[PDB]
$ cat query.cif   # mmCIF, C-alpha atoms and all ligand atoms; chains and numbers go by the auth columns
data_work
loop_
_atom_site.group_PDB
_atom_site.id
_atom_site.type_symbol
_atom_site.label_atom_id
_atom_site.label_comp_id
_atom_site.label_asym_id
_atom_site.label_seq_id
_atom_site.Cartn_x
_atom_site.Cartn_y
_atom_site.Cartn_z
_atom_site.B_iso_or_equiv
_atom_site.auth_seq_id
_atom_site.auth_asym_id
ATOM 1 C CA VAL A 1 147.789 -33.269 48.955 0.00 4 A
ATOM 2 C CA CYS A 2 145.690 -32.486 45.961 0.00 5 A
ATOM 3 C CA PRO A 3 142.648 -34.636 46.630 0.00 6 A
ATOM 4 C CA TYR A 4 143.176 -34.166 50.380 0.00 7 A
ATOM 5 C CA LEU A 5 142.611 -30.551 50.022 0.00 8 A
ATOM 6 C CA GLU A 6 139.812 -30.961 47.467 0.00 9 A
ATOM 7 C CA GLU A 7 138.031 -33.313 49.807 0.00 10 A
ATOM 8 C CA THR A 8 138.601 -31.145 52.841 0.00 11 A
ATOM 9 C CA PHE A 9 137.185 -28.248 50.945 0.00 12 A
ATOM 10 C CA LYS A 10 134.246 -30.258 49.978 0.00 13 A
ATOM 11 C CA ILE A 11 133.558 -31.158 53.554 0.00 14 A
ATOM 12 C CA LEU A 12 134.009 -27.517 54.477 0.00 15 A
ATOM 13 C CA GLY A 13 131.665 -26.591 51.696 0.00 16 A
ATOM 14 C CA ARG A 14 128.897 -28.468 53.397 0.00 17 A
ATOM 15 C CA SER A 15 127.057 -26.324 55.824 0.00 18 A
ATOM 16 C CA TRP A 16 127.548 -27.046 59.408 0.00 19 A
ATOM 17 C CA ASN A 17 130.947 -28.435 59.173 0.00 20 A
ATOM 18 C CA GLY A 18 132.585 -25.137 58.863 0.00 21 A
ATOM 19 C CA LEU A 19 130.627 -23.631 61.732 0.00 22 A
ATOM 20 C CA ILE A 20 131.048 -26.725 64.020 0.00 23 A
ATOM 21 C CA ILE A 21 134.824 -26.732 64.198 0.00 24 A
ATOM 22 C CA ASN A 22 134.594 -23.084 64.885 0.00 25 A
ATOM 23 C CA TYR A 23 132.778 -23.996 68.118 0.00 26 A
ATOM 24 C CA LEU A 24 135.021 -26.873 68.968 0.00 27 A
ATOM 25 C CA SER A 25 138.068 -24.664 68.731 0.00 28 A
ATOM 26 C CA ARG A 26 136.478 -21.472 70.297 0.00 29 A
ATOM 27 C CA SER A 27 133.414 -22.084 72.593 0.00 30 A
ATOM 28 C CA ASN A 28 135.078 -25.041 74.211 0.00 31 A
ATOM 29 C CA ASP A 29 136.857 -24.188 77.381 0.00 32 A
ATOM 30 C CA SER A 30 138.677 -27.526 77.474 0.00 33 A
ATOM 31 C CA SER A 31 138.634 -28.357 73.727 0.00 34 A
ATOM 32 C CA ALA A 32 135.659 -30.730 74.099 0.00 35 A
ATOM 33 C CA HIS A 33 131.969 -30.195 73.529 0.00 36 A
ATOM 34 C CA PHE A 34 129.894 -32.563 75.768 0.00 37 A
ATOM 35 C CA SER A 35 126.878 -31.436 73.545 0.00 38 A
ATOM 36 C CA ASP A 36 126.429 -28.001 75.172 0.00 39 A
ATOM 37 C CA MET A 37 123.169 -26.500 74.428 0.00 40 A
ATOM 38 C CA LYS A 38 123.321 -29.472 72.079 0.00 41 A
ATOM 39 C CA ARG A 39 124.777 -26.674 69.976 0.00 42 A
ATOM 40 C CA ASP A 40 123.825 -23.058 70.730 0.00 43 A
ATOM 41 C CA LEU A 41 120.238 -23.003 69.371 0.00 44 A
ATOM 42 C CA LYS A 42 120.672 -22.085 65.659 0.00 45 A
ATOM 43 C CA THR A 43 118.627 -23.138 62.601 0.00 46 A
ATOM 44 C CA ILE A 44 119.846 -26.721 62.554 0.00 47 A
ATOM 45 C CA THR A 45 118.213 -30.036 63.157 0.00 48 A
ATOM 46 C CA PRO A 46 120.097 -32.446 65.330 0.00 49 A
ATOM 47 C CA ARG A 47 119.161 -35.035 62.621 0.00 50 A
ATOM 48 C CA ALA A 48 121.519 -33.087 60.391 0.00 51 A
ATOM 49 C CA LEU A 49 123.756 -31.971 63.224 0.00 52 A
ATOM 50 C CA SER A 50 124.372 -35.609 64.043 0.00 53 A
ATOM 51 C CA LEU A 51 125.144 -36.202 60.406 0.00 54 A
ATOM 52 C CA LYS A 52 127.795 -33.498 60.330 0.00 55 A
ATOM 53 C CA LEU A 53 129.491 -34.497 63.536 0.00 56 A
ATOM 54 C CA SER A 54 129.770 -37.940 62.029 0.00 57 A
ATOM 55 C CA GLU A 55 131.457 -36.483 58.938 0.00 58 A
ATOM 56 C CA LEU A 56 133.988 -34.702 61.118 0.00 59 A
ATOM 57 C CA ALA A 57 134.713 -37.845 62.982 0.00 60 A
ATOM 58 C CA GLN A 58 135.206 -39.848 59.807 0.00 61 A
ATOM 59 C CA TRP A 59 137.779 -37.306 58.708 0.00 62 A
ATOM 60 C CA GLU A 60 139.649 -37.628 62.006 0.00 63 A
ATOM 61 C CA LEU A 61 138.901 -34.052 62.809 0.00 64 A
ATOM 62 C CA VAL A 62 136.991 -35.080 65.751 0.00 65 A
ATOM 63 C CA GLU A 63 136.738 -37.986 68.041 0.00 66 A
ATOM 64 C CA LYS A 64 133.950 -38.989 70.269 0.00 67 A
ATOM 65 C CA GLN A 65 134.086 -40.709 73.589 0.00 68 A
ATOM 66 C CA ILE A 66 131.055 -41.874 75.145 0.00 69 A
ATOM 67 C CA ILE A 67 131.642 -41.159 78.815 0.00 70 A
ATOM 68 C CA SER A 68 128.701 -42.862 80.381 0.00 71 A
ATOM 69 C CA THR A 69 125.813 -44.670 79.011 0.00 72 A
ATOM 70 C CA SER A 70 123.725 -45.117 82.117 0.00 73 A
ATOM 71 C CA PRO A 71 122.551 -41.985 81.265 0.00 74 A
ATOM 72 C CA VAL A 72 124.192 -41.378 77.919 0.00 75 A
ATOM 73 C CA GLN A 73 126.682 -38.494 78.015 0.00 76 A
ATOM 74 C CA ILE A 74 128.660 -37.822 74.883 0.00 77 A
ATOM 75 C CA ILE A 75 131.666 -35.498 74.363 0.00 78 A
ATOM 76 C CA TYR A 76 132.685 -34.828 70.851 0.00 79 A
ATOM 77 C CA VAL A 77 136.368 -33.607 71.602 0.00 80 A
ATOM 78 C CA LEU A 78 138.603 -32.175 68.722 0.00 81 A
ATOM 79 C CA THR A 79 141.777 -33.940 67.484 0.00 82 A
ATOM 80 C CA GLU A 80 145.227 -32.592 66.601 0.00 83 A
ATOM 81 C CA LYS A 81 144.234 -32.664 62.970 0.00 84 A
ATOM 82 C CA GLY A 82 141.134 -30.786 63.764 0.00 85 A
ATOM 83 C CA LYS A 83 142.881 -28.317 65.983 0.00 86 A
ATOM 84 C CA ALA A 84 145.443 -27.673 63.302 0.00 87 A
ATOM 85 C CA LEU A 85 142.733 -27.351 60.658 0.00 88 A
ATOM 86 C CA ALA A 86 141.031 -24.670 62.742 0.00 89 A
ATOM 87 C CA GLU A 87 144.419 -22.980 63.044 0.00 90 A
ATOM 88 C CA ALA A 88 144.891 -23.076 59.256 0.00 91 A
ATOM 89 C CA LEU A 89 141.368 -21.745 58.786 0.00 92 A
ATOM 90 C CA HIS A 90 141.929 -18.347 60.445 0.00 93 A
ATOM 91 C CA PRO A 91 143.344 -16.434 57.351 0.00 94 A
ATOM 92 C CA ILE A 92 140.553 -17.497 55.005 0.00 95 A
ATOM 93 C CA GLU A 93 138.097 -16.611 57.695 0.00 96 A
ATOM 94 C CA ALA A 94 139.621 -13.160 57.862 0.00 97 A
ATOM 95 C CA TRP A 95 139.607 -12.831 54.092 0.00 98 A
ATOM 96 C CA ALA A 96 135.972 -13.811 53.940 0.00 99 A
ATOM 97 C CA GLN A 97 135.097 -10.949 56.185 0.00 100 A
ATOM 98 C CA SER A 98 136.973 -8.394 54.033 0.00 101 A
ATOM 99 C CA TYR A 99 134.995 -9.192 50.826 0.00 102 A
ATOM 100 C CA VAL A 100 131.455 -10.293 51.955 0.00 103 A
ATOM 101 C CA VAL B 1 131.150 -13.924 58.100 0.00 4 B
ATOM 102 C CA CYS B 2 129.474 -17.232 57.481 0.00 5 B
ATOM 103 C CA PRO B 3 128.294 -19.145 54.436 0.00 6 B
ATOM 104 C CA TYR B 4 130.398 -17.046 52.066 0.00 7 B
ATOM 105 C CA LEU B 5 133.086 -19.462 53.543 0.00 8 B
ATOM 106 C CA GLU B 6 130.796 -22.354 52.912 0.00 9 B
ATOM 107 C CA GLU B 7 130.138 -21.110 49.413 0.00 10 B
ATOM 108 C CA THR B 8 133.776 -20.555 48.745 0.00 11 B
ATOM 109 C CA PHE B 9 134.688 -23.983 49.986 0.00 12 B
ATOM 110 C CA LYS B 10 131.983 -25.545 47.962 0.00 13 B
ATOM 111 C CA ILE B 11 133.580 -24.098 44.824 0.00 14 B
ATOM 112 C CA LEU B 12 136.966 -25.213 46.025 0.00 15 B
ATOM 113 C CA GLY B 13 135.564 -28.731 46.561 0.00 16 B
ATOM 114 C CA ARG B 14 134.973 -28.918 42.762 0.00 17 B
ATOM 115 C CA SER B 15 137.231 -30.940 40.674 0.00 18 B
ATOM 116 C CA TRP B 16 139.726 -28.496 39.109 0.00 19 B
ATOM 117 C CA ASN B 17 138.938 -25.227 40.797 0.00 20 B
ATOM 118 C CA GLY B 18 141.406 -25.189 43.608 0.00 21 B
ATOM 119 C CA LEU B 19 144.118 -26.202 41.283 0.00 22 B
ATOM 120 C CA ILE B 20 143.273 -23.502 38.725 0.00 23 B
ATOM 121 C CA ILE B 21 143.453 -20.918 41.406 0.00 24 B
ATOM 122 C CA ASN B 22 146.826 -22.214 42.572 0.00 25 B
ATOM 123 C CA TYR B 23 148.125 -22.262 39.067 0.00 26 B
ATOM 124 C CA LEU B 24 147.266 -18.680 38.491 0.00 27 B
ATOM 125 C CA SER B 25 148.790 -17.610 41.769 0.00 28 B
ATOM 126 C CA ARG B 26 152.032 -19.178 40.659 0.00 29 B
ATOM 127 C CA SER B 27 151.842 -17.667 37.018 0.00 30 B
ATOM 128 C CA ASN B 28 153.392 -14.173 36.164 0.00 31 B
ATOM 129 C CA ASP B 29 151.009 -11.174 36.774 0.00 32 B
ATOM 130 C CA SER B 30 148.861 -13.951 38.223 0.00 33 B
ATOM 131 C CA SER B 31 147.755 -14.368 34.649 0.00 34 B
ATOM 132 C CA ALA B 32 147.678 -17.216 32.203 0.00 35 B
ATOM 133 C CA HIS B 33 146.543 -17.637 28.590 0.00 36 B
ATOM 134 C CA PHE B 34 143.906 -20.389 28.154 0.00 37 B
ATOM 135 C CA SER B 35 146.261 -22.690 26.310 0.00 38 B
ATOM 136 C CA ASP B 36 149.028 -22.336 28.813 0.00 39 B
ATOM 137 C CA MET B 37 146.717 -23.649 31.454 0.00 40 B
ATOM 138 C CA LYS B 38 145.431 -26.318 29.218 0.00 41 B
ATOM 139 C CA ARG B 39 148.775 -27.927 28.573 0.00 42 B
ATOM 140 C CA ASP B 40 150.094 -27.252 32.060 0.00 43 B
ATOM 141 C CA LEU B 41 147.186 -29.017 33.762 0.00 44 B
ATOM 142 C CA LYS B 42 147.625 -32.265 31.922 0.00 45 B
ATOM 143 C CA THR B 43 144.293 -33.904 31.989 0.00 46 B
ATOM 144 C CA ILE B 44 141.748 -31.178 31.920 0.00 47 B
ATOM 145 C CA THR B 45 139.591 -31.156 28.835 0.00 48 B
ATOM 146 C CA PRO B 46 139.274 -27.644 27.554 0.00 49 B
ATOM 147 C CA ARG B 47 135.466 -27.918 27.862 0.00 50 B
ATOM 148 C CA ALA B 48 136.123 -28.225 31.470 0.00 51 B
ATOM 149 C CA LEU B 49 138.692 -25.552 31.798 0.00 52 B
ATOM 150 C CA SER B 50 136.285 -22.989 30.438 0.00 53 B
ATOM 151 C CA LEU B 51 133.491 -24.139 32.689 0.00 54 B
ATOM 152 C CA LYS B 52 135.702 -23.880 35.716 0.00 55 B
ATOM 153 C CA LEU B 53 137.029 -20.534 34.708 0.00 56 B
ATOM 154 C CA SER B 54 133.517 -19.248 34.284 0.00 57 B
ATOM 155 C CA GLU B 55 132.692 -20.391 37.790 0.00 58 B
ATOM 156 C CA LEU B 56 135.643 -18.643 39.346 0.00 59 B
ATOM 157 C CA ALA B 57 134.739 -15.727 37.213 0.00 60 B
ATOM 158 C CA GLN B 58 131.284 -15.648 38.504 0.00 61 B
ATOM 159 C CA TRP B 59 132.764 -15.795 41.914 0.00 62 B
ATOM 160 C CA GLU B 60 134.983 -12.796 41.048 0.00 63 B
ATOM 161 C CA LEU B 61 138.206 -14.639 41.564 0.00 64 B
ATOM 162 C CA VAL B 62 139.273 -14.653 37.955 0.00 65 B
ATOM 163 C CA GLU B 63 138.921 -11.966 35.265 0.00 66 B
ATOM 164 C CA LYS B 64 138.956 -12.874 31.581 0.00 67 B
ATOM 165 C CA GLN B 65 140.601 -10.220 29.512 0.00 68 B
ATOM 166 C CA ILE B 66 140.604 -9.928 25.824 0.00 69 B
ATOM 167 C CA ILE B 67 143.730 -7.982 24.634 0.00 70 B
ATOM 168 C CA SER B 68 143.099 -6.360 21.299 0.00 71 B
ATOM 169 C CA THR B 69 146.720 -6.847 20.394 0.00 72 B
ATOM 170 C CA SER B 70 144.990 -8.432 17.351 0.00 73 B
ATOM 171 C CA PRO B 71 146.550 -11.377 16.585 0.00 74 B
ATOM 172 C CA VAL B 72 144.352 -11.509 19.854 0.00 75 B
ATOM 173 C CA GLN B 73 145.277 -12.747 23.311 0.00 76 B
ATOM 174 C CA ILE B 74 142.857 -14.132 25.860 0.00 77 B
ATOM 175 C CA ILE B 75 144.171 -14.121 29.389 0.00 78 B
ATOM 176 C CA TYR B 76 142.731 -15.095 32.734 0.00 79 B
ATOM 177 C CA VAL B 77 143.951 -12.951 35.560 0.00 80 B
ATOM 178 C CA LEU B 78 143.500 -13.288 39.276 0.00 81 B
ATOM 179 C CA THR B 79 141.502 -10.579 40.794 0.00 82 B
ATOM 180 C CA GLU B 80 142.622 -8.992 44.011 0.00 83 B
ATOM 181 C CA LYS B 81 140.078 -11.179 45.727 0.00 84 B
ATOM 182 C CA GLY B 82 141.385 -14.192 43.983 0.00 85 B
ATOM 183 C CA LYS B 83 145.007 -13.434 44.785 0.00 86 B
ATOM 184 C CA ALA B 84 144.095 -12.793 48.359 0.00 87 B
ATOM 185 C CA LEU B 85 142.335 -16.122 48.445 0.00 88 B
ATOM 186 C CA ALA B 86 145.331 -17.943 47.110 0.00 89 B
ATOM 187 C CA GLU B 87 147.410 -16.490 49.863 0.00 90 B
ATOM 188 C CA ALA B 88 144.701 -17.530 52.325 0.00 91 B
ATOM 189 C CA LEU B 89 144.795 -21.102 51.080 0.00 92 B
ATOM 190 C CA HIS B 90 148.530 -21.571 51.720 0.00 93 B
ATOM 191 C CA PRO B 91 148.218 -22.529 55.521 0.00 94 B
ATOM 192 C CA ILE B 92 145.633 -25.103 54.494 0.00 95 B
ATOM 193 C CA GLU B 93 148.041 -26.528 51.913 0.00 96 B
ATOM 194 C CA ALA B 94 150.576 -26.747 54.637 0.00 97 B
ATOM 195 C CA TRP B 95 148.184 -28.435 56.893 0.00 98 B
ATOM 196 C CA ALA B 96 147.296 -31.015 54.316 0.00 99 B
ATOM 197 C CA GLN B 97 150.967 -31.673 53.662 0.00 100 B
ATOM 198 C CA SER B 98 151.583 -32.381 57.357 0.00 101 B
ATOM 199 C CA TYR B 99 149.124 -35.270 57.192 0.00 102 B
HETATM 200 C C1 LIG C . 145.881 -29.950 44.281 0.00 201 C
HETATM 201 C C2 LIG C . 147.327 -29.544 44.344 0.00 201 C
HETATM 202 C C3 LIG C . 148.441 -30.430 43.832 0.00 201 C
HETATM 203 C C4 LIG C . 147.698 -28.224 44.933 0.00 201 C
HETATM 204 O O1 LIG C . 149.019 -27.865 44.992 0.00 201 C
HETATM 205 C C5 LIG C . 146.632 -27.310 45.447 0.00 201 C
HETATM 206 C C6 LIG C . 146.935 -26.070 46.003 0.00 201 C
HETATM 207 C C7 LIG C . 145.913 -25.240 46.476 0.00 201 C
HETATM 208 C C8 LIG C . 144.570 -25.623 46.410 0.00 201 C
HETATM 209 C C9 LIG C . 144.215 -26.853 45.857 0.00 201 C
HETATM 210 C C10 LIG C . 145.206 -27.711 45.377 0.00 201 C
HETATM 211 C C11 LIG C . 144.831 -29.023 44.796 0.00 201 C
HETATM 212 O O2 LIG C . 143.511 -29.366 44.746 0.00 201 C
HETATM 213 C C1 LIG C . 130.404 -19.679 59.292 0.00 202 C
HETATM 214 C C2 LIG C . 130.931 -19.035 60.542 0.00 202 C
HETATM 215 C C3 LIG C . 130.129 -18.062 61.381 0.00 202 C
HETATM 216 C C4 LIG C . 132.312 -19.353 61.000 0.00 202 C
HETATM 217 O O1 LIG C . 132.793 -18.766 62.134 0.00 202 C
HETATM 218 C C5 LIG C . 133.166 -20.307 60.232 0.00 202 C
HETATM 219 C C6 LIG C . 134.457 -20.617 60.645 0.00 202 C
HETATM 220 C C7 LIG C . 135.218 -21.514 59.897 0.00 202 C
HETATM 221 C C8 LIG C . 134.721 -22.112 58.737 0.00 202 C
HETATM 222 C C9 LIG C . 133.436 -21.837 58.278 0.00 202 C
HETATM 223 C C10 LIG C . 132.638 -20.948 58.996 0.00 202 C
HETATM 224 C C11 LIG C . 131.258 -20.633 58.536 0.00 202 C
HETATM 225 O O2 LIG C . 130.778 -21.212 57.401 0.00 202 C
#
$ encode --input "query.cif" --output "structure tokens"
Amino acid sequence: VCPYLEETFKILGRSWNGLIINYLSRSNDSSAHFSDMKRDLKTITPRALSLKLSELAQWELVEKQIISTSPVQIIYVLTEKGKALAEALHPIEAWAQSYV
Amino acid sequence: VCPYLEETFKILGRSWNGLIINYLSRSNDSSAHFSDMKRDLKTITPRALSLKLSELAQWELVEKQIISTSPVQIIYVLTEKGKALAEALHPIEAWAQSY
């Protein structure tokens, strides 16, 4: 509980990760990504995007299912843990806006 | 609304910081003397406690107050921003607990 939180923070602390599960929760229409726009533009290399998605996946936030190689089509759908984490996020997100 | 959250989390990702914040939330007037914290957190070296407190200070989450009740007191208080944060953390605690 202690180092789970400290670690989750630390993940959240790193840059994309916070923004990514915003998308997964919000921009999704069926709680899956399918790499759409392979992200919406933004300042980020998919070298480092790919890195972050991996981090999410390792922390069971996200799961990936390769639908079809023959061409390769990849989802990136969010888990319960992830969904929940996004749900827990909302108050600190709100707070962040008050102080900025 | 963005990397302020990233920045905040980054601080929270640090070794004692989240705990210190939680402690203070749970302390009366959201305020603890240095040595209260030091014993209460078992394992923190007071080098560290200071360093951490400075960080959260710099962040504007904690205020250090010198009370000139001289025999002295030094207290660390949670700022409205800090207190508000602590509140904000609670769903995340809950989440972690569930897993
Ligand atoms: C460890 C523990 C045991 C608790 O209770 C919290 C609460 C809030 C933020 C961070 C914590 C850590 O790291
Ligand atoms: C930046 C933005 C714009 C948003 O929406 C979130 C949401 C949740 C965690 C972190 C975020 C960051 O850093």
$ closest_atom_pairs --input "query.cif" --of "chain B" --to "ligand LIG 201 (chain C)" --cutoff "7 Å" --atoms "only C-alpha atoms and all ligand atoms" --output "Markdown table"
| residue | atom | partner | partner_atom | distance |
| --- | --- | --- | --- | --- |
| B:19 | CA | C:LIG201 | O2 | 6.8 |
| B:21 | CA | C:LIG201 | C9 | 4.0 |
| B:22 | CA | C:LIG201 | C10 | 4.5 |
| B:24 | CA | C:LIG201 | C8 | 7.0 |
| B:25 | CA | C:LIG201 | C7 | 5.0 |
| B:92 | CA | C:LIG201 | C7 | 6.3 |
| B:93 | CA | C:LIG201 | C7 | 6.9 |
| B:96 | CA | C:LIG201 | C7 | 6.0 |
$ closest_residue --input "query.cif" --among "B:64, B:70, B:80, B:35" --to "chain A" --atoms "all atoms listed in the file"
B:64
$ closest_atom_pairs --input "query.cif" --of "chain B" --to "ligand LIG 202 (chain C)" --cutoff "7 Å" --atoms "only C-alpha atoms and all ligand atoms" --output "JSON lines"
{"residue": "B:4", "atom": "CA", "partner": "C:LIG202", "partner_atom": "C3", "distance": 5.4}
{"residue": "B:5", "atom": "CA", "partner": "C:LIG202", "partner_atom": "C1", "distance": 3.2}
{"residue": "B:6", "atom": "CA", "partner": "C:LIG202", "partner_atom": "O2", "distance": 4.4}
{"residue": "B:7", "atom": "CA", "partner": "C:LIG202", "partner_atom": "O2", "distance": 6.8}
{"residue": "B:8", "atom": "CA", "partner": "C:LIG202", "partner_atom": "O2", "distance": 4.8}
{"residue": "B:9", "atom": "CA", "partner": "C:LIG202", "partner_atom": "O2", "distance": 4.6}
$ resolve_selection --input "query.cif" --expression "the PyMOL selection byres ((chain A) within 10 of (chain B))" --output "ChimeraX atom specification"
/A:4-22,84,87-103
$ atom_distance --input "query.cif" --atom1 "CA of residue 43 (chain A)" --atom2 "CA of residue 61 (chain A)"
23.0 Å
$ closest_residue --input "query.cif" --among "B:38, B:45, B:32, B:27" --to "residue 65 (chain B)" --atoms "all atoms listed in the file"
B:27
$ resolve_selection --input "query.cif" --expression "the PyMOL selection byres (((chain A and resi 53) around 12) and not hetatm)" --output "ChimeraX atom specification"
/A:19-20,23,38,41-42,47-52,54-60,67,77,79
$ resolve_selection --input "query.cif" --expression "the PyMOL selection byres (((chain B and resi 51) around 12) and not hetatm)" --output "short mmCIF file (atom, residue, chain, number, x, y, z; two decimals) with C-alpha atoms, in the frame of the given file"
data_model
loop_
_atom_site.label_atom_id
_atom_site.label_comp_id
_atom_site.auth_asym_id
_atom_site.auth_seq_id
_atom_site.Cartn_x
_atom_site.Cartn_y
_atom_site.Cartn_z
CA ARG B 17 134.97 -28.92 42.76
CA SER B 18 137.23 -30.94 40.67
CA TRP B 19 139.73 -28.50 39.11
CA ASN B 20 138.94 -25.23 40.80
CA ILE B 23 143.27 -23.50 38.72
CA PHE B 37 143.91 -20.39 28.15
CA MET B 40 146.72 -23.65 31.45
CA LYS B 41 145.43 -26.32 29.22
CA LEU B 44 147.19 -29.02 33.76
CA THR B 46 144.29 -33.90 31.99
CA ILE B 47 141.75 -31.18 31.92
CA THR B 48 139.59 -31.16 28.84
CA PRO B 49 139.27 -27.64 27.55
CA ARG B 50 135.47 -27.92 27.86
CA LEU B 52 138.69 -25.55 31.80
CA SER B 53 136.28 -22.99 30.44
CA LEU B 54 133.49 -24.14 32.69
CA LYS B 55 135.70 -23.88 35.72
CA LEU B 56 137.03 -20.53 34.71
CA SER B 57 133.52 -19.25 34.28
CA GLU B 58 132.69 -20.39 37.79
#
$ atom_distance --input "query.cif" --atom1 "CA of residue 71 (chain B)" --atom2 "CA of residue 28 (chain B)"
24.0 Å
$ atom_distance --input "query.cif" --atom1 "CA of residue 69 (chain A)" --atom2 "CA of residue 36 (chain A)"
11.8 Å
$ decode --input "query.cif" --residues "region 55-69 of chain B" --atoms "N, CA and C atoms" --output "short mmCIF file (atom, residue, chain, number, x, y, z; two decimals), in the first residue's frame"
data_model
loop_
_atom_site.label_atom_id
_atom_site.label_comp_id
_atom_site.auth_asym_id
_atom_site.auth_seq_id
_atom_site.Cartn_x
_atom_site.Cartn_y
_atom_site.Cartn_z
N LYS B 55 13.38 16.38 2.57
CA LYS B 55 12.03 16.13 2.14
C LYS B 55 11.10 17.28 2.47
N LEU B 56 11.21 17.80 3.66
CA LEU B 56 10.39 18.88 4.06
C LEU B 56 10.67 20.11 3.25
N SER B 57 11.93 20.37 2.99
CA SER B 57 12.31 21.44 2.08
C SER B 57 11.67 21.30 0.70
N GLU B 58 11.68 20.10 0.15
CA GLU B 58 11.06 19.87 -1.12
C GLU B 58 9.59 20.22 -1.11
N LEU B 59 8.86 19.72 -0.12
CA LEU B 59 7.44 19.96 -0.08
C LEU B 59 7.15 21.40 0.23
N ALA B 60 8.14 22.05 0.79
CA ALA B 60 8.11 23.43 1.10
C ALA B 60 8.19 24.21 -0.15
N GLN B 61 9.14 23.81 -0.97
CA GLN B 61 9.42 24.47 -2.19
C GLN B 61 8.23 24.36 -3.12
N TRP B 62 7.65 23.19 -3.11
CA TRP B 62 6.35 22.95 -3.66
C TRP B 62 5.17 23.74 -3.12
N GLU B 63 5.29 24.32 -1.92
CA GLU B 63 4.21 25.03 -1.26
C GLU B 63 3.12 24.12 -0.75
N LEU B 64 3.53 23.03 -0.17
CA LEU B 64 2.66 22.05 0.41
C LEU B 64 2.81 22.10 1.92
N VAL B 65 4.01 22.42 2.36
CA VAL B 65 4.32 22.52 3.75
C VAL B 65 4.86 23.92 4.03
N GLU B 66 4.48 24.51 5.17
CA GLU B 66 5.10 25.72 5.69
C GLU B 66 5.84 25.42 6.98
N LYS B 67 7.11 25.78 7.06
CA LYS B 67 7.85 25.79 8.31
C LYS B 67 7.63 27.07 9.08
N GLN B 68 7.28 26.94 10.34
CA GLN B 68 7.00 28.06 11.16
C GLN B 68 7.85 28.02 12.36
N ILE B 69 8.54 29.10 12.62
CA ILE B 69 9.25 29.22 13.86
C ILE B 69 8.34 29.95 14.85
#
